[PDB]
Amino acid sequence: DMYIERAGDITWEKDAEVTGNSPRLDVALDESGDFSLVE
Amino acid sequence: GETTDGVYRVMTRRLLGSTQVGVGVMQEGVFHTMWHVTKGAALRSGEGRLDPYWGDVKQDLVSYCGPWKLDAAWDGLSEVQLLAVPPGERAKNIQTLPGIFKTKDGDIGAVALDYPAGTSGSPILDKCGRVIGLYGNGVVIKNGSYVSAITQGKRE
Ligand SMILES: Cc1cnccc1NC(=O)c1cc(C2CC2)n(C)c1C
């Protein structure tokens with residue numbers, strides 16, 4: 001059995017940690033909703 | 001149940017201890033998560049029940065109590081924030097510039113960040129705190145890291 005617990009307000013935060021790259025990827029989406037790399 | 005707007009954890013007891021299977025968004029009385037988190041099952045909030053209203057395995061999305069309410073879109077230019085809610089850890093804002101998933105049916109924002117699978121359905125925000133989609137459907141890359149589609153529904 002599954003339950004929910006509130007974890008926070010949905011708010012932009014000034015001086016949040018700023019990380020991650022911005023990759024451009026060719027992808028395919030199948031009927032089961034799984035993405036795959038089209039290489 | 002609790003029906004204040006905000007970001008929730010999705011928990012199960014069907015395993016060892018209490019396990020966080022995913023995350024979701026409460027907005028205008030509707031609970032929004034990814035289909036792979038709940039597999040379309042009912043949810044408890046207090047002694048309240050939340051019943052599935054809308055779902056799509058291909059979009060990997062599901063709404064509870066009503067129709068999908070979140071319609072904001074990535075601009076295609078500006079940084080965004082993942083409001084990542086990881087298992088056993090406090091909600092945290094991580095700011096990033098999305099790349100792109102190029103598909104035959106169009107381009108889609110993507111966010112290049114690793115977190116446990118129980119993070120799934122964390123909301124992605126724009127500068128005005130609007131939810132532009134849910135994190136935790138995407139693709140593994142050469143490095144073995146995850147890259148997630150910015151996955152948005154449609155509001156009728
Ligand atoms: C379980 C599932 C089923 N169906 C589709 C996608 C998933 N998602 C994952 O497998 C997943 C999600 C993440 C993190 C971003 C949250 N990571 C690293 C992985 C491997």
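Deposited coordinates in this entry are attributed by the record to X-ray crystallography, at a stated resolution of 1.50 Å.

1. Quick look at the overall build of chain B
The number of helices and strands found in chain B is one helix and 14 strands. In terms of overall dimensions, chain B is globule-like: its C-alpha atoms have a radius of gyration of 15 Å, near the 15 Å expected for 156 residues. For chain B, the C-alpha atoms occupy an extent of roughly 45 × 35 × 30 Å along the three principal directions. Counting all 156 residues of chain B, 55% fall into the buried class. Summarising the internal contacts of chain B: among those between residues at least 6 apart in sequence, 51% fall at separations of at least 24. Carbon together with sulfur atoms contributes 50% to the accessible area of chain B, which is approximately 7,100 Å² in total. Of the side chains in chain B, 17 bear a positive and 16 a negative charge, and the two mean positions are spaced by 5 Å.

2. Structural notes on the environment of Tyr64(B)
Residues and elements named next belong to chain B. Looking at the secondary structure, you find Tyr-64 in strand β7 (residues 61-64). Sequence separation between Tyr-64 and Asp-114 is 50 residues, and the spatial gap between their C-alpha atoms is 27 Å. Within polar-contact distance, the side chain of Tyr-64 engages the backbone oxygen of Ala-41 at 2.6 Å.

3. Brief notes about the interface of chain B and chain A
At the interface, 60 residues of chain B touch 33 residues of chain A. Summed over both sides, the interface between chain B and chain A buries roughly 4,100 Å², with carbon and sulfur atoms accounting for 60% of that surface. By the criterion of area lost to chain A, the three top residues of chain B are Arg44(B), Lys58(B) and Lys102(B), representing 15% of everything that side buries. A salt bridge links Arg44(B) to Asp1(A), with the nearest nitrogen and oxygen atoms 3.0 Å apart. The interface formed by chain B and chain A holds 24 residue pairs in polar contact in total. The greatest single-element share of the side of chain B that touches chain A, amounting to seven residues, is contributed by strand β1 (residues 6-12) of chain B. Of the residues contributing to the side of chain B that touches chain A, the split by class is 33 nonpolar, 15 polar and twelve charged. Of the strand pairs in this sheet, strand β3 (residues 24-29) of chain A and strand β10 (residues 99-103) of chain B are connected by three bridges, and their pairing is parallel.

4. Side note on the site of the ligand
Neighbouring the ligand are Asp34(A), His36(B), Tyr115(B), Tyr135(B), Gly136(B), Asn137(B) and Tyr146(B). Neighbouring residues of the ligand are not confined to a single chain but are spread across chains A and B. A distance of 3.2 Å separates a nitrogen atom of the ligand from a polar atom in the backbone of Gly136(B). When isolated, the ligand has an accessible area of 480 Å², and the protein chains bury 70% of it. By residue number, the principal contributor to the shell around the ligand is strand β13 (residues 131-140) of chain B, which donates three residues. Of the residues assigned to the shell around the ligand, the class counts are three nonpolar, three polar and one charged.

5. What about the sheet that holds strand β3 (residues 30-33) of chain B?
Ordered in space as β5(B)-β4(B)-β1(A)-β1(B)-β2(B)-β3(B)-β7(B)-β6(B), the eight strands form an open sheet in which the pairing is mixed. Two strands bound the open sheet, and with one partner strand each, they are β5 (48-50) and β6 (52-56) of chain B. Here the average twist between neighbouring strands, direction ignored, is 30°.

6. Brief notes about the packing of aromatic side chains
With the rule as written, the count across this model stands at four aromatic pairs over all chains. With centroids separated by 4.8 Å and ring planes inclined at 65°, the aromatic side chains of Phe35(A) and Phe101(B) adopt a geometry described as edge-to-face. Here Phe101(B) lies in strand β10 and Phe35(A) lies in strand β4 (residues 35-37), a pairing that spans two chains. Each member of the pair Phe35(A) and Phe101(B) is classed as buried. With a centroid separation of 6.4 Å and an interplanar angle of 50°, the aromatic rings of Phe31(B) and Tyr64(B) are classed as tilted. Separated by 33 residues along the polypeptide, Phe31(B) in strand β3 and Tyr64(B) in strand β7 bring together distant segments of the chain. By relative accessible area, which is 0% here, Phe31(B) ends up buried. Ring pairs connect the aromatic residues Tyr8(B), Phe31(B) and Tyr64(B), which therefore count as one cluster.

Criteria and thresholds
Residues numbered from 1 in each chain as written, not as in the entry; some residues may be left out. Chains lettered and ligands numbered in written order. Heavy atoms only, no water. Helix = DSSP H or I, 4+ residues; strand = E, 2+ residues; numbered from the N terminus. Rg over C-alpha atoms; globule rule 2.2 N^0.38 Å. Buried < 20%, exposed > 50% of the residue type's maximum accessible area, 1.4 Å probe, protein only. Contact = heavy atoms within 4.5 Å. Areas by Shrake-Rupley, 256 points an atom, 1.4 Å probe, with all protein chains shown as cover. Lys, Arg positive; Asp, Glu negative; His and termini not counted. Charge placed at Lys NZ, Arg CZ, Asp CG, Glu CD. Polar contact = N/O pair within 3.5 Å; in protein donor to acceptor, adjacent residues only side chain to side chain. Buried area = accessible area lost by both parts, 1.4 Å probe. Salt bridge = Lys/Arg side-chain N within 4 Å of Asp/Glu carboxyl O. Nonpolar A, V, L, I, M, F, W, Y, C, P; charged D, E, K, R; others polar. Pairing = 2+ DSSP bridges. Near = heavy atom within 4 Å. Axes fitted to C-alpha atoms, helices over the stretch in contact; angles between N-to-C directions. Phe/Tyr/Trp six-rings, centres within 6.5 Å; stacked < 30°, edge-to-face > 60°.

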